[PDB]
Amino acid sequence: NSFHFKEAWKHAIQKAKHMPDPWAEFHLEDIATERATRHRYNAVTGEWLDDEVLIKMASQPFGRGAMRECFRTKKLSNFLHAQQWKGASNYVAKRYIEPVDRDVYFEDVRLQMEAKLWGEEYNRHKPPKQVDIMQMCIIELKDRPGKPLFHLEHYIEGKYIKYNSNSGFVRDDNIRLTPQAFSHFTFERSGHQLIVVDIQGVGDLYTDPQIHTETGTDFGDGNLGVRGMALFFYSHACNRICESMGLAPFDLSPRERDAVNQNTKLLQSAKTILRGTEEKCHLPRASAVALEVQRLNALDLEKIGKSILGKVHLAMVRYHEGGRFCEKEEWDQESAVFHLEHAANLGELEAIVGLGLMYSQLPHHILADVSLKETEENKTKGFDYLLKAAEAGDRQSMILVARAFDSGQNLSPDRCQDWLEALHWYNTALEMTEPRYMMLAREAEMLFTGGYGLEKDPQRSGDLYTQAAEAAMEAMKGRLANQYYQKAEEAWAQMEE
Amino acid sequence: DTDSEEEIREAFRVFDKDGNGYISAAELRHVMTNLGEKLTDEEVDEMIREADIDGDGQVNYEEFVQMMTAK
Ligand SMILES: Nc1ncnc2c1ncn2[C@@H]1O[C@H](COP(=O)(O)OP(=O)(O)OP(=O)(O)O)[C@@H](O)[C@H]1O
Ligand SMILES: Nc1ncnc2c1ncn2[C@@H]1O[C@H](COP(=O)(O)OP(=O)(O)O)[C@@H](O)[C@H]1O
Ligand SMILES: [Ca+2]
Ligand SMILES: [Ca+2]
Ligand SMILES: [Zn+2]
């Protein structure tokens, strides 16, 4: 009921009344008026409102980026009752240089409005400096040839600064903490489902942001998915705003951790100081591997592929292997193995298979050119990873564990040859989908002789030789099927003496 | 009374920098800094808080009118 700042508002209103139009010398009011339909979006309700607007747009662009060109525009307000063109606000109207689908504009609007919602959520935690993402809408010029669509936003006066990109770029010159902390906050608060990066604008008024999502299916072509998240966390050095809100640091390797800690002195000389009213971070997740394995265990439903953080670490591994973090320099294999270990501990089946093959001194796909040192601990670890992958549904790992229990090949020294277990794994492989008749004949041999815990079973040996003969057929191996039928008859002949 | 209302709507558009219908703390900071007014960030956040009756962290047009048309 009391207002002690009314005169501040009114003094500002008077200062603006006598403020010059920054675009006066471009004479946009002299441009022939055009008619357009404005589509504005509400992201909480997911609803679109359209109206008819009048615009005066420059004929030539004032700037162009990689994807869009920008035109200076004046537009009459529909909130005011009778505004004249002398007082119309200034707007930036962006158009894609290469022609795109009409839905790209609406998807970009949804992206920007979602980023704005996330900025508001960040503000609700009482940060030292609040943020805001500018609203962006669409104007359709139905009288121009082709009925072109333009993105429309308000013109922001001041120094336009790019604080970070969507691919790991970070502005270290006169480093600021709010943009990076906001991005990390969006990563954690969304439960690792999205991250808002490409923070750029005037001060803390942001525009043209980018969102990386878990699925990577929405928000256009700038959504690099978990890979984009990795690109952020390879360069993000958590500052005091991150810590004041309880954001766990991302697990970086020693090399990467030192490379991002090299700017800790500049981080300490930043101007953004905390007050203490900063609260702690729809279900949020922490960025640390320990807390994430605690959560995954708390799920209890013994699982694989249930952590986006593991997928981020796997993306880091693949980026290291592809040469994304090294210059025209041998790529860092130790840090790649670090992030592969982390991905494996977080339930990434590809990482588990890769580490099982690497610790077993076997050929592998991911990080193919990396060969790990051979130790007994590494042999046990390789067999354990292969067994975990086999119980997780990997057929290659199932066949390898079967061969380990059969012949001893790649079997951990702490284990023993067990032909019943090898039969179990052979059959688990055969019921999933090297050829079928080979494994069927191996089971038939093992049951014909017996050993290593398995008792001689001529009946099942003959049955499996018959199955292998029927599998040699359906593969154009006639003589092989004939030999398998002969071996089945041999196995059965022992039961009549 | 009619042009006062139009003036109040004009005054709201001065601070609603992005025209979404809500004056945020960042927008007020930007507008104050651009106009040469000398207010600290704490004073800007307190202005938003004072006019924020609903408690969303922002000032809508209704609350802006309540603040402008005051005793
Ligand atoms: N509201 C604004 N106020 C002032 N300058 C702006 C505004 N919006 C954009 N600009 C300027 O226009 C330039 C180009 O537009 P912008 O980068 O947003 O689009 P883009 O071409 O889609 O970008 P990208 O190349 O990153 O995909 C920006 O780098 C910025 O300098
Ligand atoms: N996305 C939206 N959906 C519905 N109404 C909106 C939306 N954004 C803004 N408004 C309303 O429109 C008013 C501003 O209209 P107008 O001045 O014509 O827009 P602009 O300032 O973008 O040119 C705001 O005060 C608010 O009431
Ligand atoms: Ca606003
Ligand atoms: Ca409000
Ligand atoms: Zn951080």
Side-chain angles (χ1 to χ4, degrees), chain A residues 3 28 35-57 72-85 87-94 105-106 108-117 119-120 123-124 130-139 150-156 201-207, chain B residues 5-6 8-32 34 44-68:
Chain A
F3 297 114
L28 302 164
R35 317 154 64 89
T37 304
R38 177 178 58 181
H39 315 87
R40 282 178 300 183
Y41 176 68
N42 188 320
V44 181
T45 71
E47 284 165 12
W48 286 90
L49 166 83
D50 70 285
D51 57 341
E52 312 286 275
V53 304
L54 296 173
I55 70 149
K56 290 183 179 280
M57 176 184 304
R72 297 189 183 101
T73 309
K74 280 191 185 288
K75 190 185 60 61
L76 288 177
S77 171
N78 298 340
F79 182 62
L80 298 178
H81 285 186
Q83 193 187 39
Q84 317 298 314
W85 286 107
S89 296
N90 297 316
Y91 300 85
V92 184
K94 299 145 161 205
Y105 290 88
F106 295 82
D108 294 338
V109 174
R110 296 186 276 262
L111 192 166
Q112 187 126 345
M113 298 322 276
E114 178 82 13
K116 182 179 188 68
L117 287 187
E120 299 174 11
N123 295 337
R124 275 191 285 273
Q130 285 189 45
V131 302
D132 197 1
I133 285 83
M134 303 274 301
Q135 157 166 265
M136 183 183 64
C137 69
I138 290 167
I139 55 162
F150 287 79
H151 283 133
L152 195 69
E153 53 193 65
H154 273 262
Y155 166 64
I156 332 170
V202 182
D204 289 324
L205 263 61
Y206 304 148
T207 193
Chain B
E5 259 294 78
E6 183 87 334
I8 293 304
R9 289 189 292 266
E10 285 173 43
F12 186 76
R13 296 190 80 247
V14 172
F15 308 100
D16 185 13
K17 209 60 250 162
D18 77 330
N20 79 319
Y22 299 91
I23 305 173
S24 72
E27 290 176 322
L28 190 57
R29 170 78 276 164
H30 171 89
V31 169
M32 286 318 183
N34 188 37
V44 168
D45 290 31
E46 182 45 57
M47 287 173 76
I48 301 284
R49 198 206 60 74
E50 170 173 286
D52 194 7
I53 295 157
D54 78 81
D56 65 333
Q58 280 176 343
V59 180
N60 50 65
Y61 173 69
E62 292 74 12
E63 297 161 357
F64 187 75
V65 170
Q66 307 305 125
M67 180 265 307
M68 292 293 290

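When reading the values below, keep in mind they use all heavy atoms of this one structure, side chains included, and skip hydrogens, waters and symmetry mates. Counting convention: from 1, in listed order, for ligands and their atoms alike. Protein chains get the first letters and strands the later ones, always in sequence-line order, with residue 1 at the start of each.
- The protein heavy atom nearest to atom 10 (N) of ligand 2 is A:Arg40 NH1, 3.3 Å.
- No side-chain donor-acceptor contact under 3.5 Å links A:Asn123 and A:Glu120.
- Of all N/O/S atoms in B:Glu63, OE1 sits nearest the Ca ion (ligand 4).
- Ring orientation note: the planes of B:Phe12 and B:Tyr61 are nearly perpendicular, at an angle over 60° on the 30°/60° scale.
- At a cut-off of 3.0 Å, B:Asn20 is counted among the residues with an N, O or S atom near the Ca ion (ligand 3).
- Looking at ligand 2, you won't find any N or O of A:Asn42 less than 3.5 Å from one of its N or O atoms.
- Neither the backbone nor the side chain of B:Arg9 has a heavy atom within less than 4.0 Å of ligand 2.
- Among all non-hydrogen protein atoms, the one lying nearest atom 19 (O) of ligand 2 is A:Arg38 NH1, 3.0 Å.
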Show the numbers, then the answer: is there a side-chain contact (heavy atoms from CB on, under 4.5 Å) between A:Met57 and A:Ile139? CA-CA 12 Å; A:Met57 176 184 304; A:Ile139 55 162; 4.3 Å; yes
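- Around the Ca ion (ligand 3), the two atoms OD1 of B:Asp16 and OE1 of B:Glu27 are separated by an angle of 100°, to 10 degrees.
- One option in A:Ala43, A:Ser77, B:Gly19 has a heavy atom closer to atom 16 (P) of ligand 2 than any other, and that option is A:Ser77.
- Considering only heavy atoms from C-beta on, B:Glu27 comes within 4.5 Å of B:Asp16 through its side chain.
- At a 4.0 Å cut-off, at least one heavy atom of A:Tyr41 sits close enough to ligand 2 to count as contact.
- Distance check for B:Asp18 against the Ca ion (ligand 3): an N/O/S atom falls below 3.0 Å.
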Do A:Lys116 and A:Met113 pass the side-chain contact (heavy atoms from CB on, under 4.5 Å) test, and can you show the C-alpha distance, the side-chain angles, and the key distance before you say yes or no? CA-CA 5 Å; A:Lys116 182 179 188 68; A:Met113 298 322 276; 3.9 Å; yes
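- For atom 8 (N) of ligand 2, the closest non-hydrogen atom on the protein side is A:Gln135 NE2, 3.1 Å.
- To the nearest 10 degrees, the angle centred on the Ca ion (ligand 4) between OD2 in B:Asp54 and O in B:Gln58 reads 130°.
- Salt-bridge formation is not detected for the pair A:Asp132/B:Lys17: no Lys NZ or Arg NE/NH1/NH2 atom is positioned less than 4.0 Å from an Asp or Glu carboxylate oxygen.
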- Task: Could you give me the CA-CA distance, side-chain angles and deciding distance for A:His154 and A:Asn90, then say whether side-chain contact (heavy atoms from CB on, under 4.5 Å) is met?
- Result: CA-CA 6 Å; A:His154 273 262; A:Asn90 297 316; over 6 Å; no
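- Atom 3 (N) of ligand 2 has A:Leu49 CD2, 4.0 Å as its closest protein atom, hydrogens excluded (heavy atom only).
- Closest to atom 25 (O) of ligand 2, if we only count protein heavy atoms, is B:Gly21 CA, 3.6 Å.
- Salt bridge annotation for B:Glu10-B:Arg13: absent, with no cationic side-chain nitrogen under 4.0 angstrom from a carboxylate oxygen.
- Residue contacts to the Ca ion (ligand 3): B:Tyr22 brings an N, O or S atom closer than 3.0 Å.
- For ligand 2, none of its N or O atoms has an N or O atom of B:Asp16 under 3.5 Å away.
- Close contacts of ligand 2 with A:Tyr91, meaning ligand atoms under 4.0 Å from a residue heavy atom, involve 20 (P), 21 (O), 23 (O).
- Contacts of A:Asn78 with ligand 2, taken as heavy-atom pairs under 4.0 Å, involve both backbone and side chain.
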*asked:* Checking B:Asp54 against B:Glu62 for the side-chain contact (heavy atoms from CB on, under 4.5 Å) test, could you report, in this order, the C-alpha distance in whole Å, the side-chain angles of both residues, the deciding distance, and whether it holds?
replied: CA-CA 10 Å; B:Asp54 78 81; B:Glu62 292 74 12; over 6 Å; no
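- Between A:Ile138 and A:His151, some side-chain heavy-atom pair lies under the 4.5 Å cut-off.
- Considering just the N/O/S atoms of B:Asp52, the one nearest the Ca ion (ligand 4) carries the name OD1.
- Atoms of ligand 2 found under 4.0 Å from any heavy atom of A:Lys75, numbered from 1 in the order shown, are 20 (P), 23 (O).
- The minimum heavy-atom distance between A:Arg72 and A:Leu28, with the atom names listed, is O-CD2, 4.0 Å.
- Among the heteroatoms counted here (N, O or S) of B:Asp56, OD1 is the one nearest to the Ca ion (ligand 4).
- The aromatic rings of A:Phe106 and A:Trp48 sit perpendicular to each other, their planes meeting at more than 60°, with 30° as the lower class boundary.
- For A:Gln83 against A:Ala88, the heavy-atom pair with the smallest separation is NE2-CA, 3.7 Å.
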